[PDB]
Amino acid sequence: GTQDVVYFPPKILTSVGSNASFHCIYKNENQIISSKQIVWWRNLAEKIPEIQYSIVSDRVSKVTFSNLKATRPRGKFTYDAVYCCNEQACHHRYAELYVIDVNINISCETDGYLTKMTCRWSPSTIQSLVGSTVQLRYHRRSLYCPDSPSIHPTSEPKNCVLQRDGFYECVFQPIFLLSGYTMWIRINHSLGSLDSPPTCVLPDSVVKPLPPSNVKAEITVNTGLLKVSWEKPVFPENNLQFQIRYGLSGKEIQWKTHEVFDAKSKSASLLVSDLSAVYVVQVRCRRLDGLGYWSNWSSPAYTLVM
């Protein structure tokens, strides 16, 4: 017979954690059935619990999904098929429910020379969804970041390059050190668009400095001390804290660490137990205020014995 179903809306595009509702009309052979006769199904595999149903009116049934989990794709099908059914008998027409995990984290790092900022993000939650585009979008504020970042209506696309590790890398060069860069991932789907939660980065605050240079380690036998000295990197101009790791030189170094919070310190004196052993020393640095990354460990410095 002339059986047909209508979904309001025909398709829903939403993100994880959101709620979604579908309304339906079941026209059985030219007459709309009572909403009390309507049951809902998921992919023709399982009846959705009646607890989620809502009688909108004598003819309209409604299904509500709460705190939606990302739709697991079944081959070519990236959406979940929601069915309006007349008791045991379902129809061929379904509503398409697309739930995408848009919680992508973007991490940025400014080089030791303060010439560029590289941002990295993983499309592990978007790779399955093809037939739609995925891009990093951004907006720059003249100075600083707002307290709560927002998806500005005016934004620009950023060219990102897929790396061998599966992450995308986007490079900003030249940079504006004290400008707030608000960025997010936009998924442009056929049904509409979704935006990931925006993050604002100040390039000045995500600098990974170059390691301290001219690192020396010497044992002064007159005092019995291991004297370590270094030169802070060219950038940043802000106060730095240093971390020194030292140990007896061997097959597998058993490290000991010393922390330096005096920004104008270029040396540390450590009292060691063995004056005739070769020690290996490395120094790394970070902004004293914690607004940045730790530098890589410097090239090893060794003491002598003969």
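Residue positions are given as counts along the sequence shown, with the first one as 1.
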Averaging CA B factors per stretch from the PDB record, which one is higher: 248-256 or 59-67? 248-256
Given the B-factors recorded for C-alpha atoms, which segment has the greater mean, 122-130 or 94-102? 122-130
Compare the CA B factors listed in the entry for 240, 44, 39, 278 and report the winner. 278
Between 224, 212, 236, 203, where does the Cα B-factor run highest in the record? 224
Residue 86: CA temperature factor from the record, placed by chain third, in the middle
Tell me, lowest, middle or highest third: where does the Cα B factor of residue 180 rank within its chain? lowest
Chain thirds by Cα B factor, record data; residue 217 belongs to the middle
Test of reading the entry: by CA B factor among the chain's modelled residues, which third contains residue 141? middle
What third of the chain does residue 6 rank in for C-alpha temperature factor, lowest, middle or highest? lowest
